[PDB]
């Protein structure tokens, strides 16, 4: 669903603002490395994340 790409900015309901740095996979199980709290590799379709 939510498709992210390097450079996209997001808000985590826990870590706040971060910048997408990498993105792997596709669909619901896609992973993101987001620099916020620091760099955190996540699975963004299963996270309280919003695209800005």
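Residue numbers count along the first chain shown, from 1.
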query	finding
Residues with no coordinates between residue 36 and residue 37, taken from the deposited sequence as a class	1 to 3
Residue 44, C-alpha B-factor rank within chain (lowest, middle or highest third)	lowest
Relative C-alpha B-factor of residue 14, binned into the chain's lowest, middle or highest third	highest
Ranked C-alpha temperature factor of residue 22 among modelled chain residues, by third	lowest
